[PDB]
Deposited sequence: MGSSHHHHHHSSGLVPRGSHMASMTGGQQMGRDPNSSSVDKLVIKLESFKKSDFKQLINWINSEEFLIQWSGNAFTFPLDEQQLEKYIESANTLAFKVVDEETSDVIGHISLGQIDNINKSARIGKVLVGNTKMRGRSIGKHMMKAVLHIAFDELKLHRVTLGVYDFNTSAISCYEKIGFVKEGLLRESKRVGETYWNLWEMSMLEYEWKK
């Protein structure tokens, strides 16, 4: 089962992602503080040129369509860590699980890192269950850490260490 492949996200994929991220609230769920709504070409250009960041389009092996997005950021070669983020299943079997496993393969097997982190807002309980099934562990709840209008959201900080990925 090669169901998806990761390829480098490029300028010709920008409009598609701009269309998928259709509201401010959704932009925040997807990417936190990385961007302002709406997304535009200048923000995405800065993203794909940033140091210590790998940006991926997710390609369906069957159709060759681009069906999502994912990123490995904060790549830190002193502490041997990185952060998965900007996780989007754009359409469609768990494509999300395949995407997570493909990026984890890059992080632990190709880059040889020790620790991979991820943040997810506490109301996204089906994503959280999926991530726990893959092997992520909740480290703690960052209380009221993102402001969204007049309220604050709480973020679960989650991680996997290399001995949880492979023995």
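- Residues of the deposited sequence with no modelled C-alpha atom fall in the ranges 1 to 40, 133 to 136.
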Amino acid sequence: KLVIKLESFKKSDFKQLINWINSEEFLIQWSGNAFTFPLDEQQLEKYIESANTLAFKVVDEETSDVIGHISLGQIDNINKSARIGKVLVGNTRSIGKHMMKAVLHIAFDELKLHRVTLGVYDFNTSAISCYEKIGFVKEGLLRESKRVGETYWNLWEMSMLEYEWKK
From here on, numbers count along this sequence of modelled residues.
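- Higher average CA B factor: 61 to 69, of the stretches 61 to 69 and 102 to 110.
- Relative to one another, 33 to 41 and 113 to 121 have unequal mean CA B-factors, and 33 to 41 is the one with the higher figure.
- By the numbers in the PDB entry, the CA B factor is greatest at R93 among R93, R83, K86, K80.
- In the PDB entry, the Cα temperature factor peaks, among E144, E150, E157, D13, at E150.
- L27: CA B factor in the lowest third of modelled residues in this chain (values from the PDB entry).
- Residue-level temperature factors show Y47 in the middle third of its chain, judged at the C-alpha atom.
- In the PDB entry, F136 places in the middle third of its chain by CA B-factor.
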